[PDB]
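Engineer: Take this structure, written in structure tokens, and hold onto it; I'll ask about it next.
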Amino acid sequence: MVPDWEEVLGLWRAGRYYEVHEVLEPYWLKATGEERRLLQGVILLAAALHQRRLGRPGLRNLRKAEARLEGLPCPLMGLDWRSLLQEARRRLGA
């Protein structure tokens, strides 16, 4: 199975970071290789953004996300993850 990025992107844009996590976690757990790195990276960005919203440190989740996404082809699994990373950096002030 693969995620419905249109559904995920709809949650992401709305800022529903917990829900993005809920949808992707099952896929991440069963994923392998680059697909697993992609899924975990998106999950980590959502986590960093959720933490920033709470006024807490999120740069640690961001660096981890960057290491997971670093070097991946784009798009991947039909997702333009670079745009998500770029947006996350702007919102996190990084």
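Bear in mind that the values in this text are calculations on the coordinates, not laboratory data. Cβ atoms come from the backbone with ideal geometry, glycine included; neighbour counts cover every protein chain shown.
Engineer: Springs between alpha-carbon atoms under 10 Å, Gaussian network over the chain: tell me which of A46, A65, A31 tops the mean-square fluctuations.
Structural biologist: Of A46, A65, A31, the Gaussian network model singles out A31 as fluctuating most.
Engineer: Further question on the same structure: I want to verify the translational diffusion coefficient of the chain in µm²/s; compute it with Stokes-Einstein, Rh as the Kirkwood radius over Cα pairs, at 20 °C and 1.002 mPa s.
Structural biologist: For these conditions, the coefficient is 165 µm²/s.
Engineer: With +1 on the Cβ of every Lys and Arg and -1 on the Cβ of every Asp and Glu, and nothing else charged, how large is the dipole of the stretch 2-94 about its Cα centre, in debye rounded to the nearest 20?
Structural biologist: With only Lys, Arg, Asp and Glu charged at Cβ, the dipole is about 620 debye.
Engineer: Given springs between every Cα pair under 10 Å in a Gaussian network model of the chain, which of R37, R63, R13 has the largest fluctuation?
Structural biologist: Result for the chain, Cα springs under 10 Å: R13 fluctuates most.
Engineer: Would you mind calculating the gained length between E70 and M1 on full extension (0.36 nm times residue separation, minus the Cα-Cα distance), in nm to one decimal?
Structural biologist: The span from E70 to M1 would gain 22.5 nm if fully extended.
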